[PDB]
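Trainee: Structure in structure tokens, see below.
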Amino acid sequence: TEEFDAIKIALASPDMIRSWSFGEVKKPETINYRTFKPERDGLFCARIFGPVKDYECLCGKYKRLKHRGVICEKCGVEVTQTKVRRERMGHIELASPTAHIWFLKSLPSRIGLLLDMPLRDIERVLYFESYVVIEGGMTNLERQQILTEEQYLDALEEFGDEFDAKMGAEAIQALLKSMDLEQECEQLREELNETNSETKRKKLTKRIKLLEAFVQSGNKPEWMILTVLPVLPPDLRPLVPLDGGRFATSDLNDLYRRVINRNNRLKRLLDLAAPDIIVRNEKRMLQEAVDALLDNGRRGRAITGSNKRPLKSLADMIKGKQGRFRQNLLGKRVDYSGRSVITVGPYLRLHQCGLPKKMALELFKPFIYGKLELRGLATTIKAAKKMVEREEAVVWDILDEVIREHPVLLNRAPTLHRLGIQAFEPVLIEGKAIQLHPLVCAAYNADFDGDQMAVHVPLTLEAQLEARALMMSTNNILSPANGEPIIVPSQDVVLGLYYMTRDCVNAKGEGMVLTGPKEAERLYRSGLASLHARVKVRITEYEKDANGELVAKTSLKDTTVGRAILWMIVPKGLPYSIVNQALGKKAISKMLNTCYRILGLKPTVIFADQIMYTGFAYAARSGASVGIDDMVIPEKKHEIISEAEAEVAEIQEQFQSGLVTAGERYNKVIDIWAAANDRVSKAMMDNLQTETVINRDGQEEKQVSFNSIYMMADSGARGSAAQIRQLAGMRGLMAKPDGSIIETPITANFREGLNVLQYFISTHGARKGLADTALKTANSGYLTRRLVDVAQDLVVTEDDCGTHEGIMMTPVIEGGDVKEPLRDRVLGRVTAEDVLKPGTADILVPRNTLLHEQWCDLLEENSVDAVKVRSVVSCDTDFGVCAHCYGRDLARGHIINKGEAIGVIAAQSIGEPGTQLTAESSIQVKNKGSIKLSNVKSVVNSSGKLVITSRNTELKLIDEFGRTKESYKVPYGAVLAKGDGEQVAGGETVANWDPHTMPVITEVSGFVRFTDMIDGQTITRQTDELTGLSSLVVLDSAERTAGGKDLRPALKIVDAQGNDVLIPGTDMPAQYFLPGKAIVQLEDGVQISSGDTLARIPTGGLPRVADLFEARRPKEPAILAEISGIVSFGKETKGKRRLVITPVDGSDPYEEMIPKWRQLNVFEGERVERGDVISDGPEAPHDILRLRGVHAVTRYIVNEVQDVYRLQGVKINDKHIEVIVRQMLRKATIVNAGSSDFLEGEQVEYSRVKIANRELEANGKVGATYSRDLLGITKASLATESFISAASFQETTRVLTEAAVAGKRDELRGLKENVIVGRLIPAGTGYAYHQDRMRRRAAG
Amino acid sequence: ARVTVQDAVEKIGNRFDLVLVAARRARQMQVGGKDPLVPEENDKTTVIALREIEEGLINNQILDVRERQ
Amino acid sequence: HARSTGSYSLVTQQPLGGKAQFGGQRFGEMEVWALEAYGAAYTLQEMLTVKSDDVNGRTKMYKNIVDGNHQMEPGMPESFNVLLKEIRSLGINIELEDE
Ligand SMILES: [Mg+2]
Ligand SMILES: [Zn+2]
Ligand SMILES: [Zn+2]
């Protein structure tokens, strides 16, 4: 077998087919049915295809392997292995050239549009009912003229010569050979230069592309017509002899026999010179037989002999699920594997696993035999089986000897992420259960309640090495999703440690001074001192402050005995402070974090193991239990309940009198009950938490209690405050089916007893919860499957592309404070360019450097706010990404290595965690800082307010040391108090505006003048008396009256004299087209003040994430501006009002249709910026990408997804979402010209290579400007370049025909192709292999 | 058992062709064409080859020079 | 339950499914993705050919293990070669390139 790549597909020429074939099959007979020896040329022939049985001739003269080239004199069969009879192909020489059904009848008829003649006509021709005049020389008839019988007759009699017409695939081949490719191509290009109409231009461009595909690939059309037909090896269409003289045969045998029969009958008829009609009928019949062979089902459906079932053609074997690919290389059962239940086994090391004897023997059986034979304990293999089935001591010794370093793979049924499969070293144990190390359970999501686990054995040596290096448990401590440790202690360990570190006011051995931890242990273990008691101890901590040297600092600290006992394990490098605290879940996690970051892997591993052992031991010594008295009912519960009941009774009686609606009463009751619940919860937590008032020597004191349930709560081992409440408080309000909340809550708790109603309600609750979880899991699985499918092929191919591009990343400060800081957001990304201190020429970070913890810390002491970092989306590399643009983050710490398939890890990391996802009047500065306004242009009025005239105005907050803490968006018309520079005290009201009201603010004073403000047609004067009330209504486009639909009323602001007063600094005559719902309250006759109100203008979780990733237009998209400049109205009331954006500089002709219902937020005579909001609502990603560009859409996607994910408190690094987005926009659409067809959707890769070519060519071209496109992951995956990956799941016939005609070349470049072809994936360990082969080409 | 290969990956930073060179070495060791340069402690040949890699005696270039020699 | 080697199925030469008959574990597509997230190319290679479906491959691997050597001999899966012959049996020229 050759080591290949680049699988090439093209039309087979008849000479190549002759090349493959080894012989002609002349007669259809196979075997004599009497003596089961095969016949001569037949369909089964030993001299043509091969010997039936390995290395033995038919007559039985030669049977030994010694003979390999001899050809028996009696039977002319050569002696070789029967396997060759499986690969040798034959051929049949057809007398009449026959058409290939696939390339003719396939839905887009490539013969059809290539000849630009419809399919109906081709069918009409093929069945011989009418002729067609093909190149009828110098007469008055065209090339696709249909001819009837007697019209053909009178034509022949009139035109003896200059009349050439024919029938069938030979006629079609004649038409194809004589067609002039280049003349028609150039004519078509001229026509396209002259023609401007959509559908004809599309059919023409498709056709020109087809012709171009032929002229580059080099396939000539005549090969679509078959002359020689190959015949499949016999063993793939067997004719097995059933016991009982009967035979069983595949349908291919029947089809071949029928084809050969019909061919031979046609041969004789030709030799007999039969009339044309009969030979035509026979040629048609041969057509049905052949096309039934190739693809049965596009004709009269030739059924088989005496069976009424349609016979299976070649296409059926290839195409379809049951046939091949879709099932063949998709999900199989493997060997050397077992399955059983998992168990704890605390005594194990982190890198090992308990394995039952009997399973180990069964798995490693062949290893056992090999080693037993090597040691000579057994003469032969059968003796090895007998000795293993007796199971003597030698067998266990050999098994122990082979097992030492051999690792096994453990897998748990739902492998959500890559930590679902890990390798361990087995330790033989008794029993039938697998023993699993506790720390890794969190990674597996394993639970000991009957969960089972599977165990695989890697066979080859490379697999063993891969398991020990890449997959071993100790090498995978950091989650690939986020950087934090996965193996953190879970529940028992943390409880034990918590018990160990907590101190008590007074105990045994108070205040004695110890020389070290060793005598602390002496004291505790001998019972001369309590495990927790405050003491002065001398301790020597080590610090590697120098360049890797450890300096001992030795002093007296005040701690507990327990903390010292714990200190024994702690590795050298860590500061003592680390253990000095209460040491809960978080504390332990951050301890492990620091230990890893400072020391490295191995010390962290050993330290984690030590932590486990000590935690388990001292938890057991603690003796923590749970008694009925451990959960204390708060003493003041009953009072709270009686008070709340009295209050609900008073509110209900005051309802029966009818001063409050039903809904209002509902709201009041629900709120008062919620308040009572919070009160009782807080009272219970106060009672239980710090109730231990124990006494020291003299007076008394109080301390954090030793209530066992409280320790289980506070340590973070199990339970949350909510469950404590659910045990000892009232279990809050419940929701009915529809989501509405029951008026009376459940006042009882599980310590007490519920009654029928309350129980029933909670039953409903739990049922709904579980069903939700079920459906959520199904939806998750579906989403993650799509994700992993679409992004599989992306691989890190290059080290550095060398681009300067990058994205400016800032900390996302949503409103009140810094939800997520910079340091975590930037850790492990390379910088796009050096960032400067707040003072120029103070470079803080050289050109691209990997930002590890030390650089990040350096950035917090300074005040860098925003950092431009290289992102994967902007990466320049072709066909993959470069290491630098990606960054470091991995289960290991260092920069990414060339070759790892980041697409799949990203898809898994985004998918697996997805299974637990279900007024604004005044601004209030939270922290004392300076206020700063961004993107605003205000005009101070007479009242002394900084009037906001921009809709996109932002108000950020600079702190003392130059950092933006808070950020708010201030709308148009919000009353302001402080401007710029002013320091605002804590929680001081800086702004004011009406929540459900946006006022329109006048800048100047004077009298209101009516322009196009006619009474009655478009407005209805409903005015009140002297005090100046009115109901003048300037209605919007939808709500405008029927007469005043197109007449737009306006208000010019003139002064007392008449002249329109102009806005300060601008000459524009203020002509305010009153917007929708302009309630003109202040009628004509009141000098307008600056600020009169002109017009009052009034899902999440898994479906939301799936929707973001499928890019679905949300049915009410907001509208944006393309260019800036004066907008204007246009041809009025066609059914959708026209808005034409007029650029002050640019060209005018941009029209946007607007529905009637739409209300506009901007005035006509307003200064818009590009991409400003015109209507309110959710924006569809396409517009943002088109206008603002790539970085805007990527930021948009990342923020909306990361919001959903953080709402549930699951941390994911942005790089994965970035990789997905990069995979999403692979395609572009060409807008200019020069080398493409001026509109074809083409991948950005081909565009980049062609631009590199053109611009490299000195003459080159003007060059092809393009526009990006965004496609949804399902369709985007469906638009896969590889023909193999497309065939893997869609209609196989179509893509196979398309790639065959196009001559497409697949470099396989991906995962799925390599799987299908059965070679090494180009990722990871096999990358080198492929790298080797790449080095193998163009080398010595 | 050799619980971490961190030093071997620090020798060759790709962390993938590490597996290839170690496989070639351990395959020369199992089919007894060659001999281990490190005193074995009852390890199998995989962990032996990793132990040899981490000590700096073997890499791809040493393999190539020794093979042509 | 565990199996090293045992009876295989009639039509598709995969190991029987079940507990009564020895039966192997189902290596599903999700597990393939998990392994692919690692750089584990050789494990997948044996998993696809040597462990289940390739007859000659399984017997050769058995013999090699019995001999006390733990290697393997790579190459194109015969099922893939069968694929080449079946696609080539149509009027489609599909060639194995070389450089
Ligand atoms: Mg369970
Ligand atoms: Zn013979
Ligand atoms: Zn790059």
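As shown in the structure tokens, the chain order sets the letters A, B, ...; within each chain, residues go from 1, and ligands are also counted from 1 in the order they appear.
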Which chains and residue numbers are within 10 Å of ligand 1, counting only C-alpha atoms and all ligand atoms, if I want them as a CSV table (one decimal) with N, CA, C and O atoms, in the first residue's frame?
Mentor:
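This went into result-v4.csv:
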chain,number,residue,atom,x,y,z
A,341,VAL,N,-19.0,-1.9,37.9
A,341,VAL,CA,-19.3,-0.9,38.8
A,341,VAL,C,-18.1,-0.3,39.5
A,341,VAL,O,-17.1,-1.0,39.8
A,342,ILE,N,-18.1,1.0,39.8
A,342,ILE,CA,-17.0,1.7,40.4
A,342,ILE,C,-17.2,1.9,41.9
A,342,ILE,O,-18.3,1.9,42.5
A,445,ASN,N,-17.7,13.3,36.6
A,445,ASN,CA,-19.1,13.4,37.1
A,445,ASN,C,-19.6,12.1,37.5
A,445,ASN,O,-20.8,11.7,37.3
A,446,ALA,N,-18.8,11.3,38.2
A,446,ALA,CA,-19.1,10.0,38.6
A,446,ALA,C,-19.7,10.0,40.0
A,446,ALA,O,-19.3,10.8,40.9
A,447,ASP,N,-20.7,9.2,40.2
A,447,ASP,CA,-21.4,9.0,41.5
A,447,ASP,C,-21.5,7.6,41.9
A,447,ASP,O,-21.7,6.7,41.0
A,448,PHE,N,-21.3,7.3,43.1
A,448,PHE,CA,-21.4,5.9,43.6
A,448,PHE,C,-22.8,5.5,44.0
A,448,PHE,O,-23.2,5.4,45.2
A,449,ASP,N,-23.7,5.4,43.0
A,449,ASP,CA,-25.1,5.0,43.3
A,449,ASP,C,-25.5,4.0,42.2
A,449,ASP,O,-26.6,4.1,41.7
A,450,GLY,N,-24.6,3.1,41.8
A,450,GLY,CA,-24.9,2.2,40.7
A,450,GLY,C,-24.4,2.6,39.4
A,450,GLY,O,-24.7,1.9,38.4
A,451,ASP,N,-23.6,3.7,39.3
A,451,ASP,CA,-23.0,4.1,38.0
A,451,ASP,C,-22.0,3.1,37.7
A,451,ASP,O,-21.3,2.5,38.5
A,452,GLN,N,-21.9,2.8,36.4
A,452,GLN,CA,-20.9,1.8,35.9
A,452,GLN,C,-19.9,2.5,35.1
A,452,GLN,O,-20.1,3.6,34.5
Trainee: When the cut-off is 8 Å and you count only C-alpha atoms and all ligand atoms, which residues lie near ligand 2, shown as a PyMOL selection string?
Mentor: chain A and resi 56-62+71-77
Trainee: Just to be explicit: take each residue in the selection above, keep N, CA and C atoms, and write the result as a PDB file, in the first residue's frame.
Mentor:
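Produced file selection-v2.pdb, reproduced below:
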ATOM      1  N   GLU A  56      -4.001 -23.631  -3.853  1.00  0.00           N
ATOM      2  CA  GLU A  56      -4.282 -24.980  -4.325  1.00  0.00           C
ATOM      3  C   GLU A  56      -5.109 -24.925  -5.604  1.00  0.00           C
ATOM      4  N   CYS A  57      -4.688 -25.697  -6.606  1.00  0.00           N
ATOM      5  CA  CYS A  57      -5.311 -25.661  -7.922  1.00  0.00           C
ATOM      6  C   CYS A  57      -6.668 -26.358  -7.888  1.00  0.00           C
ATOM      7  N   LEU A  58      -7.434 -26.187  -8.965  1.00  0.00           N
ATOM      8  CA  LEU A  58      -8.788 -26.730  -8.987  1.00  0.00           C
ATOM      9  C   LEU A  58      -8.773 -28.255  -9.003  1.00  0.00           C
ATOM     10  N   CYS A  59      -8.079 -28.852  -9.973  1.00  0.00           N
ATOM     11  CA  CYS A  59      -8.102 -30.305 -10.105  1.00  0.00           C
ATOM     12  C   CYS A  59      -7.444 -30.993  -8.916  1.00  0.00           C
ATOM     13  N   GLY A  60      -6.676 -30.257  -8.116  1.00  0.00           N
ATOM     14  CA  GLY A  60      -6.038 -30.814  -6.941  1.00  0.00           C
ATOM     15  C   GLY A  60      -4.691 -31.444  -7.198  1.00  0.00           C
ATOM     16  N   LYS A  61      -4.034 -31.089  -8.304  1.00  0.00           N
ATOM     17  CA  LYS A  61      -2.685 -31.568  -8.578  1.00  0.00           C
ATOM     18  C   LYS A  61      -1.648 -30.842  -7.727  1.00  0.00           C
ATOM     19  N   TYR A  62      -1.758 -29.521  -7.614  1.00  0.00           N
ATOM     20  CA  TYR A  62      -0.838 -28.720  -6.817  1.00  0.00           C
ATOM     21  C   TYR A  62      -1.603 -28.121  -5.645  1.00  0.00           C
ATOM     22  N   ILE A  71       1.621 -22.969 -12.975  1.00  0.00           N
ATOM     23  CA  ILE A  71       0.267 -22.972 -13.512  1.00  0.00           C
ATOM     24  C   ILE A  71      -0.046 -24.417 -13.868  1.00  0.00           C
ATOM     25  N   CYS A  72      -0.944 -25.033 -13.096  1.00  0.00           N
ATOM     26  CA  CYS A  72      -1.248 -26.450 -13.247  1.00  0.00           C
ATOM     27  C   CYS A  72      -1.544 -26.794 -14.702  1.00  0.00           C
ATOM     28  N   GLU A  73      -0.973 -27.908 -15.162  1.00  0.00           N
ATOM     29  CA  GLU A  73      -1.128 -28.289 -16.562  1.00  0.00           C
ATOM     30  C   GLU A  73      -2.568 -28.673 -16.883  1.00  0.00           C
ATOM     31  N   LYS A  74      -3.235 -29.381 -15.970  1.00  0.00           N
ATOM     32  CA  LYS A  74      -4.619 -29.776 -16.209  1.00  0.00           C
ATOM     33  C   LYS A  74      -5.550 -28.569 -16.155  1.00  0.00           C
ATOM     34  N   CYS A  75      -5.648 -27.933 -14.991  1.00  0.00           N
ATOM     35  CA  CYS A  75      -6.441 -26.724 -14.813  1.00  0.00           C
ATOM     36  C   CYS A  75      -5.518 -25.515 -14.877  1.00  0.00           C
ATOM     37  N   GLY A  76      -5.794 -24.597 -15.801  1.00  0.00           N
ATOM     38  CA  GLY A  76      -4.861 -23.518 -16.058  1.00  0.00           C
ATOM     39  C   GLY A  76      -4.865 -22.436 -14.996  1.00  0.00           C
ATOM     40  N   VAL A  77      -5.177 -22.816 -13.759  1.00  0.00           N
ATOM     41  CA  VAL A  77      -5.252 -21.883 -12.641  1.00  0.00           C
ATOM     42  C   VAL A  77      -3.898 -21.840 -11.942  1.00  0.00           C
TER      43      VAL A  77
END
Trainee: Name the residues in contact with residue C:45 at a cut-off of 8 Å, using only C-alpha atoms, excluding same-chain residues fewer than 5 positions from it; report them as a list in words.
Mentor: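 Listed by chain and then number, they are residues 1318, 1319 and 1320 of chain A; 50 of chain C.
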Trainee: Can I get the selection written as a PDB file, in the first residue's frame, with N, CA, C and O atoms?
Mentor:
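Saved file selection-v6.pdb follows:
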ATOM      1  N   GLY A1318      -9.240   5.828   6.887  1.00  0.00           N
ATOM      2  CA  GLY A1318      -8.536   4.916   7.765  1.00  0.00           C
ATOM      3  C   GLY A1318      -7.061   5.186   7.949  1.00  0.00           C
ATOM      4  O   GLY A1318      -6.297   4.245   8.184  1.00  0.00           O
ATOM      5  N   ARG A1319      -6.632   6.437   7.844  1.00  0.00           N
ATOM      6  CA  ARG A1319      -5.263   6.805   8.173  1.00  0.00           C
ATOM      7  C   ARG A1319      -5.217   7.699   9.406  1.00  0.00           C
ATOM      8  O   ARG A1319      -6.227   7.983  10.054  1.00  0.00           O
ATOM      9  N   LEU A1320      -4.003   8.152   9.704  1.00  0.00           N
ATOM     10  CA  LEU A1320      -3.716   8.898  10.918  1.00  0.00           C
ATOM     11  C   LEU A1320      -4.307  10.296  10.805  1.00  0.00           C
ATOM     12  O   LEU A1320      -4.131  10.975   9.790  1.00  0.00           O
TER      13      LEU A1320
ATOM     14  N   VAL C  50      -7.684  -2.497  13.931  1.00  0.00           N
ATOM     15  CA  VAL C  50      -7.130  -3.651  14.624  1.00  0.00           C
ATOM     16  C   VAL C  50      -8.058  -4.169  15.712  1.00  0.00           C
ATOM     17  O   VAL C  50      -8.096  -5.375  15.974  1.00  0.00           O
TER      18      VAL C  50
END
Trainee: Which residues are near ligand 3 in this structure, taking near to mean any atom at most 7 Å from a ligand atom and counting only C-alpha atoms and all ligand atoms? Format them as a ChimeraX atom specification.
Mentor: /A:800-803,872,875-877,881-885
Trainee: Of the candidates A:22, A:1162, A:461, A:69, which one gets nearest to residue B:25 if we count only C-alpha atoms?
Mentor: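 For residue B:25, the nearest of the candidates is A:461.
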Trainee: I'd like a table as a tab-separated table: residues in chain A with an atom no more than 9 Å from chain B, each row giving the shortest atom pair and its distance in Å to one decimal, only C-alpha atoms counted, sorted by chain and rising residue number.
Mentor:
residue	atom	partner	partner_atom	distance
A:351	CA	B:3	CA	6.8
A:401	CA	B:42	CA	8.6
A:402	CA	B:44	CA	8.1
A:404	CA	B:43	CA	7.0
A:405	CA	B:44	CA	6.0
A:406	CA	B:44	CA	7.7
A:425	CA	B:1	CA	8.0
A:461	CA	B:23	CA	6.9
A:462	CA	B:23	CA	5.7
A:464	CA	B:46	CA	7.4
A:465	CA	B:46	CA	6.1
A:466	CA	B:19	CA	6.4
A:468	CA	B:3	CA	8.1
A:469	CA	B:5	CA	6.0
A:470	CA	B:15	CA	8.3
A:472	CA	B:3	CA	7.9
A:473	CA	B:3	CA	8.7
A:474	CA	B:3	CA	6.6
A:475	CA	B:4	CA	6.5
A:601	CA	B:6	CA	8.1
A:602	CA	B:4	CA	7.3
A:896	CA	B:14	CA	8.7
A:897	CA	B:14	CA	5.2
A:898	CA	B:14	CA	6.6
A:899	CA	B:16	CA	8.2
A:900	CA	B:16	CA	8.9
A:1324	CA	B:16	CA	5.6
A:1325	CA	B:16	CA	4.9
A:1326	CA	B:16	CA	8.0
A:1327	CA	B:16	CA	7.8
A:1328	CA	B:17	CA	5.9
A:1329	CA	B:20	CA	8.4
Trainee: Could you write those residues out with N, CA, C and O atoms, as a tab-separated table (two decimals), in the first residue's frame?
Mentor:
chain	number	residue	atom	x	y	z
A	351	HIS	N	-2.56	8.42	40.69
A	351	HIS	CA	-2.23	7.96	39.35
A	351	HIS	C	-2.51	6.48	39.16
A	351	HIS	O	-1.91	5.85	38.28
A	401	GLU	N	3.66	-9.37	36.88
A	401	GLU	CA	4.86	-8.88	36.20
A	401	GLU	C	4.50	-8.06	34.96
A	401	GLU	O	5.19	-7.09	34.64
A	402	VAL	N	3.50	-8.49	34.21
A	402	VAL	CA	3.16	-7.76	32.99
A	402	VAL	C	2.47	-6.43	33.33
A	402	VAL	O	2.71	-5.41	32.67
A	404	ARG	N	2.94	-4.16	35.55
A	404	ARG	CA	3.62	-3.09	36.29
A	404	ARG	C	3.36	-1.68	35.76
A	404	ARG	O	2.77	-0.84	36.45
A	405	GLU	N	3.79	-1.42	34.53
A	405	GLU	CA	3.68	-0.09	33.93
A	405	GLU	C	2.63	0.00	32.84
A	405	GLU	O	2.54	1.04	32.17
A	406	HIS	N	1.84	-1.04	32.62
A	406	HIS	CA	0.89	-1.01	31.52
A	406	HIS	C	-0.33	-0.20	31.94
A	406	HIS	O	-0.98	-0.54	32.93
A	425	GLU	N	-2.78	3.49	36.06
A	425	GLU	CA	-2.06	2.25	36.33
A	425	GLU	C	-2.88	1.36	37.25
A	425	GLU	O	-3.30	1.82	38.32
A	461	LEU	N	2.20	-0.38	20.95
A	461	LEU	CA	3.15	0.34	21.78
A	461	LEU	C	2.94	1.85	21.74
A	461	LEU	O	3.04	2.53	22.78
A	462	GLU	N	2.64	2.40	20.57
A	462	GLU	CA	2.42	3.83	20.45
A	462	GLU	C	1.23	4.26	21.28
A	462	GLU	O	1.25	5.33	21.90
A	464	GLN	N	0.21	2.83	24.08
A	464	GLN	CA	0.70	2.83	25.46
A	464	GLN	C	1.46	4.12	25.77
A	464	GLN	O	1.21	4.76	26.80
A	465	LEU	N	2.39	4.49	24.90
A	465	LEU	CA	3.19	5.69	25.12
A	465	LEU	C	2.32	6.93	25.15
A	465	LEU	O	2.50	7.82	25.99
A	466	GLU	N	1.34	7.00	24.25
A	466	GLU	CA	0.42	8.12	24.21
A	466	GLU	C	-0.39	8.21	25.49
A	466	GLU	O	-0.59	9.30	26.04
A	468	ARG	N	0.45	7.08	28.48
A	468	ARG	CA	1.24	7.47	29.64
A	468	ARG	C	1.66	8.93	29.55
A	468	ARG	O	1.85	9.58	30.59
A	469	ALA	N	1.82	9.46	28.34
A	469	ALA	CA	2.31	10.83	28.25
A	469	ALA	C	1.19	11.86	28.23
A	469	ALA	O	1.18	12.78	29.06
A	470	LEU	N	0.25	11.74	27.31
A	470	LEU	CA	-0.75	12.78	27.08
A	470	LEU	C	-1.99	12.66	27.97
A	470	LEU	O	-2.52	13.68	28.42
A	472	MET	N	-2.56	10.70	30.92
A	472	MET	CA	-2.52	10.23	32.30
A	472	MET	C	-3.15	11.25	33.23
A	472	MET	O	-3.10	12.46	32.99
A	473	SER	N	-3.78	10.74	34.29
A	473	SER	CA	-4.51	11.59	35.23
A	473	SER	C	-3.67	12.73	35.76
A	473	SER	O	-4.13	13.87	35.84
A	474	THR	N	-2.42	12.45	36.14
A	474	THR	CA	-1.61	13.49	36.76
A	474	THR	C	-1.23	14.58	35.77
A	474	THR	O	-0.90	15.69	36.19
A	475	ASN	N	-1.27	14.29	34.47
A	475	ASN	CA	-0.93	15.30	33.48
A	475	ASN	C	-2.09	16.22	33.18
A	475	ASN	O	-1.89	17.31	32.63
A	601	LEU	N	4.08	21.09	38.80
A	601	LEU	CA	3.12	19.99	38.76
A	601	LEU	C	3.34	19.00	39.90
A	601	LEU	O	2.47	18.84	40.77
A	602	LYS	N	4.48	18.31	39.89
A	602	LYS	CA	4.72	17.21	40.83
A	602	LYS	C	4.50	17.59	42.29
A	602	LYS	O	3.84	16.81	43.01
A	896	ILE	N	0.66	27.32	23.08
A	896	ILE	CA	0.15	26.19	22.32
A	896	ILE	C	1.22	25.62	21.40
A	896	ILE	O	2.01	26.36	20.80
A	897	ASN	N	1.26	24.30	21.31
A	897	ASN	CA	2.15	23.56	20.43
A	897	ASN	C	1.55	23.40	19.04
A	897	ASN	O	0.33	23.39	18.88
A	898	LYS	N	2.38	23.50	18.02
A	898	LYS	CA	1.90	23.25	16.67
A	898	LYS	C	1.30	21.85	16.53
A	898	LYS	O	1.90	20.85	16.94
A	899	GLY	N	0.10	21.78	15.95
A	899	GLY	CA	-0.62	20.55	15.64
A	899	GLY	C	-1.86	20.22	16.45
A	899	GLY	O	-2.65	19.39	15.99
A	900	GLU	N	-2.09	20.81	17.62
A	900	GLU	CA	-3.26	20.40	18.40
A	900	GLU	C	-4.55	20.92	17.76
A	900	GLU	O	-4.62	22.07	17.32
A	1324	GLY	N	-2.01	16.12	16.69
A	1324	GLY	CA	-1.34	15.50	17.83
A	1324	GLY	C	-0.25	14.55	17.39
A	1324	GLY	O	0.58	14.87	16.54
A	1325	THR	N	-0.27	13.34	17.97
A	1325	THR	CA	0.80	12.38	17.71
A	1325	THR	C	0.94	12.04	16.24
A	1325	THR	O	2.04	11.68	15.79
A	1326	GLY	N	-0.13	12.15	15.45
A	1326	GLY	CA	0.06	11.78	14.07
A	1326	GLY	C	0.47	12.92	13.19
A	1326	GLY	O	0.86	12.69	12.04
A	1327	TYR	N	0.44	14.14	13.73
A	1327	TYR	CA	0.83	15.31	12.95
A	1327	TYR	C	2.23	15.08	12.41
A	1327	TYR	O	2.48	15.22	11.20
A	1328	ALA	N	3.15	14.69	13.30
A	1328	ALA	CA	4.52	14.41	12.92
A	1328	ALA	C	4.55	13.43	11.75
A	1328	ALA	O	5.28	13.64	10.77
A	1329	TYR	N	3.78	12.34	11.86
A	1329	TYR	CA	3.73	11.37	10.78
A	1329	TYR	C	3.44	12.09	9.48
A	1329	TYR	O	4.20	12.01	8.51
Trainee: Using only C-alpha atoms, find which residues of chain A lie within 6 Å of chain C and jot them down as an NGL selection string.
Mentor: :A and (4 or 8-12 or 230 or 331-339 or 363 or 370 or 418 or 460-461 or 463 or 904-905 or 1318 or 1320-1321 or 1323-1326 or 1337)
Trainee: List the spatial neighbours of stretch 263-266 of chain A as a PyMOL selection string - criterion: any atom at most 10 Å away, only C-alpha atoms, same-chain residues fewer than 4 positions off excluded.
Mentor: chain A and resi 26-28+92-96+257-259+270-272+274+278-283+285-286+289-290
Trainee: To one decimal place in Å, what is the distance between atom CA of residue A:1085 and atom CA of residue A:950?
Mentor: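 These atoms are spaced 29.6 Å apart.
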Trainee: I need the residues of stretch 14-64 of chain B that end up classed as alpha helix (DSSP H) by DSSP on the backbone, written out as a list in words.
Mentor: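 These are the residues in question: residues 17, 18, 19, 20, 21, 22, 23, 24, 25, 26, 27, 28, 29, 30, 45, 46, 47, 48, 49, 50, 51, 52, 53, 54, 60, 61, 62, 63 and 64 of chain B.
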Trainee: Could you name the residues that touch stretch 854-862 of chain A at 8 Å or less, counting only C-alpha atoms, but leaving out those on the same chain fewer than 5 positions away, as a list in words?
Mentor: residues 823, 826, 827 and 837 of chain A
Trainee: For residue A:30, please output as a list in words all residues within 7 Å (counting only C-alpha atoms; exclusion window: fewer than 3 positions along the same chain).
Mentor: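 Non-adjacent residues within range: residues 38, 39, 42, 43 and 44 of chain A.
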Trainee: Could you save those same residues with C-alpha atoms as a CSV table (one decimal), in the first residue's frame?
Mentor:
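Full text of result_32.csv as output:
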chain,number,residue,atom,x,y,z
A,38,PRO,CA,-16.1,-22.9,-11.7
A,39,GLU,CA,-16.6,-22.7,-15.5
A,42,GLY,CA,-17.9,-17.0,-17.1
A,43,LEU,CA,-18.5,-14.6,-14.2
A,44,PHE,CA,-16.6,-17.0,-11.9
